[PDB]
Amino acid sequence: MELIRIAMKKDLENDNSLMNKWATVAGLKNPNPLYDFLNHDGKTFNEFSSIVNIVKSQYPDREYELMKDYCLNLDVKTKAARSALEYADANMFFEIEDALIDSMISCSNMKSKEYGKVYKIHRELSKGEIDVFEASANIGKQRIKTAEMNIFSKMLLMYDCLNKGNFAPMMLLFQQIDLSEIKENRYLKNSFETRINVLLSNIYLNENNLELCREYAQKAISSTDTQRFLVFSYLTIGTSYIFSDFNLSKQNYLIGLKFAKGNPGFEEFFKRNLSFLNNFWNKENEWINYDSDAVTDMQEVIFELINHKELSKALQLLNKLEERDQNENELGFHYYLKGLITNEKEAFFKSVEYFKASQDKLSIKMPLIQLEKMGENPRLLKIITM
């Protein structure tokens, strides 16, 4: 018997009003399906949200271990298990996802075989075990029946397009999606609407189109309770405001930090961004990590020194970092800081060049603003960012 059913049975023995409340949360008109859920082994709900809404409302602090145990006990032949796969992948619960894919490939149900295979392609592609042509070929081979995996196979490609910065082909795949084809599984339809909106959000930020980027980040947030999509949407909104509005930047970053509670990985994104936002706007900065070997953290300590007019100590530390292997996007920030200390145009030109080589359409604005103040042709500096 699944931990979720044990914990619901224990709680209902105490507070006998819970079933009508669980129905409301599960979107059920009456709780007969929930009595059937607690009473009869391997009962499932038509829509996987019935179970997720409840695990979320009622046992939030144990969502992983509960949904793991429930997902890893499901009939892989069933719509529930195809939904579990989307929930697994959307939250980046790989142990669960890979396990559900394994079972669904070698299973007897044609829908669950399809979903299982297409998710394997998405997994292999995102990990870097295959390129987009291999992937797009494995899709073609699969002879996809369902509107669901027709849409999702286009989306798994949109993710690889997003990794390579490639707007034109992403939008080409996006034009071909009509989510109103998804009729069987409304959990997927809604989870895919969140994915598309997050995707559009990240490609528009990358194409340095800030107003659309927020429009789509907000649609994503309206439409979801999934931690991963909330964290990234607020990060994307936070970054959309770095140069235009310090409070909206800080506000969206802090909201995203709340939603990342107990995922140090997700929390560091916000801490590092808030570190940079505050140093950039010359504010007291509580987010610095004075203990970190990481080039990015050592840069923010240098940037604070520069803001505190400790130019000689900043230059001593920057020249120690030159002795050290840095990627191009790091050297972009290096020469920008060497620029702020020395007021040498050459440093800013290298900063612009390194950001240009790293395909960073956002950081490049930093050394370009300094070059416009030092009197370089604005019309030329604009041409560099096109």
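We number the residues from 1 along the sequence you see.
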> If you average the Cα B factors in the entry, which is higher, 88-96 or 194-202?
Replying inline: 88-96
> Between 118-126 and 237-245, which has the higher average C-alpha B-factor in the PDB entry?
Replying inline: 118-126
>> According to the Cα B-factor stored in this entry, which of the following is highest: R214, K145, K271, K258?
In response: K145
> Based on what the PDB entry reports, which of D360, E344, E353, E65 has the top C-alpha B-factor?
Replying inline: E65
>> How does the C-alpha B factor of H334 compare with the rest of the chain: lowest, middle or highest third?
In response: lowest
>> How does the C-alpha B factor of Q370 compare with the rest of the chain: lowest, middle or highest third?
In response: lowest
> So where's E300 on the chain's Cα temperature factor ranking, which third?
Replying inline: lowest
> If you rank the chain by CA B-factor, which third does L28 end up in: lowest, middle or highest?
Replying inline: highest
>> Test of reading the entry: by CA B factor among the chain's modelled residues, which third contains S275?
In response: lowest
